[PDB]
Amino acid sequence: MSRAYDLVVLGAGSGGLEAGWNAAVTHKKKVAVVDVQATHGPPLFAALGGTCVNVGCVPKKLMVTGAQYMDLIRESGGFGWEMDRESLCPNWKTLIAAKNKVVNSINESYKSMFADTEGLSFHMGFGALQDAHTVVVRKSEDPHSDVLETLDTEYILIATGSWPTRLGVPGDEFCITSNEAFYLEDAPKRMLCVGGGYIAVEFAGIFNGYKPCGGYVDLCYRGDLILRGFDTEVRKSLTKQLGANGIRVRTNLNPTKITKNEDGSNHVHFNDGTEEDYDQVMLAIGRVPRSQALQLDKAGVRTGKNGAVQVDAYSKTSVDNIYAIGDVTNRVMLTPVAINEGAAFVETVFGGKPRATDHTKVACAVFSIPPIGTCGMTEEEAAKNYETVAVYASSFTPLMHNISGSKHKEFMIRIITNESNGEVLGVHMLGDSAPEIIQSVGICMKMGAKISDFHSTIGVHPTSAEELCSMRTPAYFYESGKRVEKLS
Amino acid sequence: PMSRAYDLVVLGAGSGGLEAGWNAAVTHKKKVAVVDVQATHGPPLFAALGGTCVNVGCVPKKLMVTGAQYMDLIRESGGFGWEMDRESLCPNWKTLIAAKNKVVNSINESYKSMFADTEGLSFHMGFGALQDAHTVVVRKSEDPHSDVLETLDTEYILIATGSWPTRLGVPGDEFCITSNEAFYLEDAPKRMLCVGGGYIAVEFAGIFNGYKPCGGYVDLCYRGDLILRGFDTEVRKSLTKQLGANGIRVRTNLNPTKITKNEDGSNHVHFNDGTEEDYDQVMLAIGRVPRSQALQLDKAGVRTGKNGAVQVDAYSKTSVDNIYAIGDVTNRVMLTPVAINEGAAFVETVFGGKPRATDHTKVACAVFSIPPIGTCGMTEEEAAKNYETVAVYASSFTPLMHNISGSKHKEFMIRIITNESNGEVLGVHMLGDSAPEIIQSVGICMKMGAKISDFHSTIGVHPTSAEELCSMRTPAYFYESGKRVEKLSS
Ligand SMILES: Cc1cc2nc3c(=O)[nH]c(=O)nc-3n(C[C@H](O)[C@H](O)[C@H](O)COP(=O)(O)OP(=O)(O)OC[C@H]3O[C@@H](n4cnc5c(N)ncnc54)[C@H](O)[C@@H]3O)c2cc1C
Ligand SMILES: Cc1cc2nc3c(=O)[nH]c(=O)nc-3n(C[C@H](O)[C@H](O)[C@H](O)COP(=O)(O)OP(=O)(O)OC[C@H]3O[C@@H](n4cnc5c(N)ncnc54)[C@H](O)[C@@H]3O)c2cc1C
Ligand SMILES: CN(C)c1nc(NCCc2ccc3ccccc3c2)nc2c1cc(C(=O)N(CCCCN)CC(N)=O)n2CCC(N)=O
């Protein structure tokens, strides 16, 4: 008697719109894809495309690229580009519109996909399990709410991604998350980004860019230094060049309460004791698995660490026929990984040859101004595992930044080796054009690459990149996981 | 053997000549002498302390090209909300030229400082020419009959005089200019013919383009059908498109025949197709002869020929046993990170006593036009005639930033050339923004024998122009035995 659908994917995400499209076209199995909304926009935010196309990195980088202009219009003067530059402030209006046009360009492009592909079905609403083989689609995350559709399936994939995490404090209602920020009407004059994640730091740089003439962006981390887990030396070099943009970072400082004001402002109590009136208060304080209202309890698939769906090597949950990927698994909160995990799922089940995604030596980026590329492990972690760690480093001020007046801007490179055999463990880069370089580095590292491989390679002059192959001498080492200056 | 004044003389403070001079003077402690023709950058000799790559080469070029790119990244800002008076946006050439004369004349001072701060590495200011296998005489002028200042007595000699812009070889060449005179022009040129299809005329075509005074144009001009001889076909086509966009008339199959000054001062240019047009300037970027024609290598039994290319073996050792040559005057590969690598290999050879030969192959080049290009390895065409079964992976698109910019014609082209036999990457070719940065890290993967099966099993970075290198799994076409097909005849 078999069954009606072969698969039903919960979430039209980076991770779900791989898994479906691969099962429907490259294995011709019947697929349903459940997602809450047609196209981007409040109040559902996340749409067809996922949380990295609508309220993700696609719109993020567009606004960041716009925010890069402030610098490049300031700098221009030194190369003889004579300009008004006495009241040149931008227009947040025309950016968000042009940004929407493009997210909306993608929103309608993916619909064409369903209509024009046989065996690939859209089902609008909230997904929810009733049993191992039954996925009820409703109007609300509420379970007493109305059954729009009832899908009958052999397999269930879960790809519902993240949802940004809240402070749970007085006046927490008056603050905003990443989502809300993409759909603000004006450019906050007085601005506060809370947190120290890529989430925040990027958004600082954005808001920093679109200031009405006079007005500011305060950062706020509850710890000592911004960007937990990144290269400590790099994290510092950033906090300075952030400072030079105008961004006032503050540290070991947490809000205690917010309240709304006379003119709709937000009065903010701090942990230190100071009180200020900002126009907007962004909580960029990480994000968490969205596994609450799927009723996994009902079908009996384990969750745990902040509701993260528990999965084996191969993305298989505690019920054999249920699977999970992307951010709800909680393995890496990224777009390119959620994809890979989902492509590996189809190769495993419908594919034929079992496979599970390789989560390490993942080249990453943060689009700060100026931006960071990092792949592999920090000297801090390297010291813990490997016998002998060697640590190369170099830093310099690119040629243009002599003429450009931005004398502070500097490029910084930090390579980390296993001295046991002279193999590369991590590569950490700050400066403009970084994340472009880390990608093609990230390939060499995947193969397995020694510092001798790097310094045995002729340069591309003149570029920021060529100091990858001009780093021969180590700056210090680690033995027993303890810092040194030569091998004893 | 016999006790000499210096251990090593070097003719030219080049990228090569200064790498050799320094490594010998500190890590092997020899008494080195380095000859060059002037204090600092500028006319009439241009090339100075720091080589034909810091004074009238790569460095100051790539500043001016960063300076040109701000034309695009201004009328491009408009779409991101950057409303600004673009009314009569006339850029000041003088302030860019000013800015760079300050920057170069600081690397020049910073070279003086290392010389006078370094144990027995001496600088000698003149035209250094050979007297015998152990002698180098330094004259005030390039003419042999010119006054003598020094006569260096040495065990070894090194030739690092590099290259020199080649003449057009046609009446009216006296009225033209080269790379050299361009860096030191008083005003920016209104009507500009950039003559030649080398990477140097191309890069320089943007300079006059970006910095063209209002109501002015630039024409590129070349011998053949497709500019940048020897780069990837599909790149060279797709580039010329965007030079058109940028606002450049690329007129191929053209070659000026005669030039004659006018009344105002502009240049009246008889073309090869019986055409006549007027230009305020005419810059030739047609080639680089090795620069050996006044060193008297004949006189020391050093063998020249092949344009002036000093004849050298797999370890840089010339026809004479104590004399060596490196950089552009050798005429192997004419990049700067080669001249340097040819230098420090030469010190490991002679003074190190653990010989090493410089490798000229799988060397990543890059061209700084607008947009730029990054290329390492061999072109589809060359590779199909070395291999049973080549396989051309290809991809191209418009970025996110141009989606909203307006210049939605802009593209980022990535073509991977593999040997189908074993899927090993014989060559990568890239157009578009941030290319030369990405290729540098790619040239490392290829030097480790990169296979395609490595590229598309490495997780990507979202969202980046580069990430499309790992996205390519399906080959566009193949080349079964030197002839393009559409699938392998299996
Ligand atoms: C501001 C921001 C910037 C980012 N920048 C980057 C970056 O630069 N690079 C990078 O690699 N990663 C980035 N990320 C991370 C990346 O966006 C995510 O890791 C990725 O989108 C997760 O894909 P996914 O398959 O897990 O599902 P998601 O992308 O989260 O998609 C989930 C979607 O499925 C649907 N859905 C969700 N819940 C349910 C439910 N209960 N029932 C039914 N349908 C549901 C909704 O339509 C929702 O939009 C960023 C994230 C954010 C928030
Ligand atoms: C416009 C332009 C752009 C370039 N762009 C790039 C690029 O992007 N990337 C790249 O890798 N390469 C580039 N190059 C080439 C590079 O800059 C150098 O020319 C070369 O790579 C280094 O050669 P060299 O070591 O012989 O140096 P050179 O500088 O050529 O050494 C010779 C120097 O010695 C002196 N000298 C010359 N003749 C005599 C003599 N008879 N007696 C005494 N002293 C003498 C002069 O100062 C002369 O400059 C470019 C060149 C030009 C002209
Ligand atoms: C090969 N591939 C991975 C995909 N191809 C296509 N269409 C045909 C593309 C193509 C290009 C060159 C080819 C050369 C030789 C043979 C076949 C080719 C097919 N649509 C694809 C697609 C992946 C997808 C797809 O699902 N995504 C495409 C994301 C691209 C964003 N720039 C989102 C995802 N699931 O990861 N889509 C959706 C259509 C679209 N462009 O919106």
# chains A, B, ... in the order shown; residues from 1 in each chain; ligands from 1

$ closest_atom_pairs --of "chain A" --to "ligand 3" --cutoff "6 Å" --atoms "only C-alpha atoms and all ligand atoms" --output "JSON lines"
{"residue": "A:14", "atom": "CA", "partner": "ligand 3", "partner_atom_place_in_ligand_line": "36 (O)", "distance": 5.3}
{"residue": "A:17", "atom": "CA", "partner": "ligand 3", "partner_atom_place_in_ligand_line": "35 (N)", "distance": 4.2}
{"residue": "A:18", "atom": "CA", "partner": "ligand 3", "partner_atom_place_in_ligand_line": "35 (N)", "distance": 3.6}
{"residue": "A:21", "atom": "CA", "partner": "ligand 3", "partner_atom_place_in_ligand_line": "26 (O)", "distance": 5.9}
{"residue": "A:109", "atom": "CA", "partner": "ligand 3", "partner_atom_place_in_ligand_line": "42 (O)", "distance": 5.6}
{"residue": "A:110", "atom": "CA", "partner": "ligand 3", "partner_atom_place_in_ligand_line": "42 (O)", "distance": 5.2}
{"residue": "A:339", "atom": "CA", "partner": "ligand 3", "partner_atom_place_in_ligand_line": "36 (O)", "distance": 6.0}

$ residues_around --residues "residue B:403" --least-positions-apart "3" --cutoff "12 Å" --atoms "only C-alpha atoms" --output "ChimeraX atom specification"
/A:58-59,62,65,98-103,105-106 /B:76,79-80,397-400,406-411

$ select_by_dssp --residues "stretch 153-309 of chain A" --states "strand (DSSP E)" --output "number ranges by chain"
A: 153-158, 162-164, 190-194, 216-220, 255-260, 266-270, 275-278, 280-283, 287-289

$ atom_distance --atom1 "atom CA of residue B:191" --atom2 "atom CA of residue B:86"
22.1 Å

$ residues_around --residues "stretch 76-88 of chain A" --least-positions-apart "3" --cutoff "8 Å" --atoms "only C-alpha atoms" --output "VMD selection string"
(chain A and resid 72 to 73 213 403 to 405) or (chain B and resid 64 67 70 83 to 85 89 to 96 99)

$ residues_around --residues "residue B:445" --least-positions-apart "5" --cutoff "8 Å" --atoms "only C-alpha atoms" --output "PyMOL selection string"
(chain A and resi 443-444) or (chain B and resi 450)

$ closest_residue --among "A:235, A:298, A:290, A:60" --to "chain B" --atoms "only C-alpha atoms"
A:60

$ residues_around --residues "residue A:252" --least-positions-apart "2" --cutoff "9 Å" --atoms "only C-alpha atoms" --output "list in words"
residues 220, 221, 222, 223, 224, 225, 250, 254, 271 and 272 of chain A

$ residues_near_ligand --ligand "ligand 1" --cutoff "7 Å" --atoms "only C-alpha atoms and all ligand atoms" --output "VMD selection string"
(chain A and resid 10 to 16 34 to 37 45 to 52 55 to 57 60 125 to 128 159 to 162 178 199 290 to 291 293 to 294 325 to 328 333 to 336 338 to 339 365 to 366) or (chain B and resid 461 to 463)

$ residues_around --residues "residue B:305" --least-positions-apart "4" --cutoff "12 Å" --atoms "only C-alpha atoms" --output "PyMOL selection string"
chain B and resi 289-293+297-298+309-312+329-331

$ residues_around --residues "residue B:193" --least-positions-apart "6" --cutoff "6 Å" --atoms "only C-alpha atoms" --output "list in words"
residues 219, 220 and 282 of chain B

$ select_by_dssp --residues "stretch 77-312 of chain A" --states "helix (DSSP H, G or I)" --output "MDAnalysis selection string"
chainID A and resid 77:79 92:115 172:174 178:181 198:209 232:245 296:299 305:307

$ atom_distance --atom1 "atom CA of residue B:23" --atom2 "atom CA of residue B:347"
6.9 Å

$ closest_residue --among "B:452, B:111, B:254, B:226" --to "residue B:239" --atoms "only C-alpha atoms"
B:226

$ closest_atom_pairs --of "chain A" --to "ligand 2" --cutoff "10 Å" --atoms "only C-alpha atoms and all ligand atoms" --output "Markdown table"
| residue | atom | partner | partner_atom_place_in_ligand_line | distance |
| --- | --- | --- | --- | --- |
| A:458 | CA | ligand 2 | 11 (O) | 9.8 |
| A:459 | CA | ligand 2 | 11 (O) | 7.8 |
| A:460 | CA | ligand 2 | 11 (O) | 6.5 |
| A:461 | CA | ligand 2 | 9 (N) | 4.9 |
| A:462 | CA | ligand 2 | 8 (O) | 6.1 |
| A:463 | CA | ligand 2 | 8 (O) | 9.2 |
